Structure formats: structure tokens, C-alpha cells
Ligand SMILES: Cc1cn([C@H]2C[C@H](OP(=O)(O)O)[C@@H](COP(=O)(O)O)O2)c(=O)[nH]c1=O
Ligand SMILES: [Ca+2]
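In C-alpha cells, the structure reads:
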């Protein structure tokens, strides 16, 4: 896989962000994770986490996996990096997302994310508290 440029347009919630990619505004849904909705427990904390991570970044990158690049709602499906740190993994590592939505063919970072989740669970962080 490879990283491609994007710029932030706006934070949305824990696992969705609006980015400008190839010069076009798109909502991206983060691969392989599920944050709680804003109205659910830890929802706001996930939203804030992602917000801070993407707003503070000098350099946002999009990395598509090998399979489907857009979902049925027209959201881009990607691993999103903020100054080289993967947002998807960071959420999981902090117990602010679950590994989830693991479909065959867009599952390249699965084992990296599961290892993060196991460590979050060990530490009994947030969702695992
Ligand atoms: C993360 C992800 C979600 N989705 C779809 C599945 C879910 O369909 P349903 O809307 O029918 O439940 C929805 C979950 O996204 P949200 O967690 O953003 O709601 O998005 C994909 O199709 N592919 C993916 O990789
Ligand atoms: Ca969600």
C-alpha cells in the first residue's frame, strides 16, 4: 500500500473525517475500526481524539487498501495518517475504537490493529474499562 496526500476539511466524529483528496471534498470512513457514535459512551472522547489528531497534523495522508475504496454511502475507505501516525491504530490503542468491519480484501492492517486492541484491553482503557 502507499500513502497519498490529502488536506483536512473538517473533523466529523471518531471514525469519519472530511478531507480534500485529489482536489475533491470527500468524507472518509476509517478502515477496520468502530468508534461509538457521539451520542454513546466514549463517543465524544473518540470524536475529540480524532479531531485533535487531524487538526494538529502538519501532514494528512490517505492510504487505501487493496479492495473497495468507497463504501455504499460514498465514503472513502482508508487508513488515515497524521504526521505519519495512523489514526485508526491510535484510536484502537487508546481504547476509543474496537477493531471492526474486517472485510476480506481490505484487511491489510488487521493484525497491527488487533495487537493495539489487545494492549488497550490489557490496560483496561476507556471502552475496556
Ligand atoms: C468501515 C466500513 C463500513 N461499511 C459500512 C457497513 C455499515 O453498513 P450499515 O450502515 O448498513 O450498518 C456501515 C458502518 O459504518 P458506521 O460505523 O460509520 O455507521 O458502513 C462498509 O461497507 N465498509 C467498511 O469498510
Ligand atoms: Ca461508528
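Residue numbers (PDB author numbering): 7 to 43, 50 to 141.
By construction, the Cβ of each residue, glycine as well, lies at the ideal position given by its N, Cα and C atoms.
- Query: Do the stretch 50-58 and the stretch 117-130 touch if we need at least three Cβ pairs shorter than 8 angstroms?
  - Reply: no
- Query: With C-beta atoms as the reference, is residue 19 less than 8 angstroms away from residue 41?
  - Reply: Taking the chain shown and counting its residues from 1, one reaches residue 19 at position 13. Taking the chain shown and counting its residues from 1, one reaches residue 41 at position 35. Taking 8 angstroms as the Cβ cut-off, residue 19 and residue 41 qualify as a contacting pair.
- Task: Please report how far the alpha carbon of residue 130 lies from the alpha carbon of residue 36, in whole angstroms.
- Result: In the chain shown, residue 130 corresponds to position 118, counting from 1. In the chain shown, residue 36 corresponds to position 30, counting from 1. Rounded to whole angstroms, residue 130 to residue 36 spans 19 angstroms at the Cα level.
- Message: I'd like to confirm something about residue 83: is its beta-carbon nearer than 7 angstroms to some heavy atom of ligand 2, or not?
- Response: Numbered from its first residue, the chain shown carries residue 83 at position 71. No; taking the cut-off as 7 angstroms, the Cβ of residue 83 has no heavy atom of ligand 2 nearer than that.
- Task: Put residue 76 into one of helix, strand or coil per three-state DSSP.
- Result: Within the chain shown, the letter at position 64 stands for residue 76. It is coil, neither helix nor strand.
- Query: In whole angstroms, what is the alpha-carbon distance linking residue 101 and residue 12?
  - Reply: Locating residue 101 in the chain shown gives position 89, where the first residue counts as 1. Locating residue 12 in the chain shown gives position 6, where the first residue counts as 1. Whole-angstrom Cα-Cα distance: 19 angstroms.
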